[PDB]
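The chain below stands alone, shown as structure tokens; this is the form deposited in one PDB entry.
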């Protein structure tokens, strides 16, 4: 699915990623962790041309295509997904209306028939039901004490509704145990055999919440070590738990 080789990226003329290599195939959950600023977020921000850093070298292929070629919106069409923010107070454009426009934008790109207001309503009912999500998630409002996990419920819902091939997840930002708990839960609820996930995180704890297929340790823009979901233990036993 995804194959990154010798990736070199720069942000504000400064080297962040210095030759990263990483292969992701269908049905796998990869956990990437390590000391922040060492390349955990800019990596994820590169698989989606959202921000505009600069790839100095290396290659990134996605299903046999130069992913670095497409634009952020076109990578969405190809299957690469990353949670986004709903527009603010735009008359006529509710959260559900926009989610629906996003889903159809990708179906048409894919050459599929767009969903109407009703069959999309049916769809939203399913995922909200499958992910045991608050039925009024797209119009609800909550107290600051719930905001954490709330943004995340909205992120997973986008992931359920958008039928992504590979979803990038940046969980490095507050100690929210409830929020991390919704991330881990959504992913598990969304792990068939064809979808892949790249979860980036500094606070390595959600690992013991989803049981990744692979775990990679990132230091100064380079995967330094990687194994299964036991890697954490193998390290603390080999005398390298500090990593």
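We call the rigid core the largest set of C-alpha positions that still match within 1.5 Å between the two forms. Residue numbers count along the first chain shown, from 1.
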Interresidue gap class [residue 135, residue 136; deposited sequence, unmodelled]: none
Mean B factor on CA atoms, stretches 67-75 and 160-168, record says higher is 67-75
Mean C-alpha B-factor higher for 174-182, or for 209-217? 174-182
Can you pull the Cα B-factors for 189, 204, 196, 44 from the entry and say which is highest? 204
Highest CA B factor of 15, 20, 24, 224, as deposited, is found at 15
Within-chain third of residue 48 by Cα B-factor, per the entry: highest
Residue 155 - which third its CA temperature factor falls in, relative to the rest of the chain: lowest
Would the CA B-factor of residue 107 place it in the lowest, middle or highest third of its chain? lowest
Mind checking which third residue 114 falls in for C-alpha B-factor across the chain? middle
B-factor third for the C-alpha atom of residue 94 within its chain: lowest
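From this point on, the text means the form deposited in another entry, which you will not see here.
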Superposing on the rigid core, is the Cα displacement of residue 105 between the shown form and the other one 2 Å or more? no
For a quick test of reading the superposition: does residue 121 move by 2 Å or more at the CA between the shown form and the other one, rigid core aligned? no
Core aligned, does the CA of residue 29 move at least 2 Å between the shown form and the other one? no
Per the comparison in the other form, the residue 134 and residue 194 C-alpha atoms (change 3 Å or more) are positioned farther
So the C-alpha spacing of residue 86 and residue 105 changes by 3 Å or more in the other form; is that change toward closer or farther than shown? farther
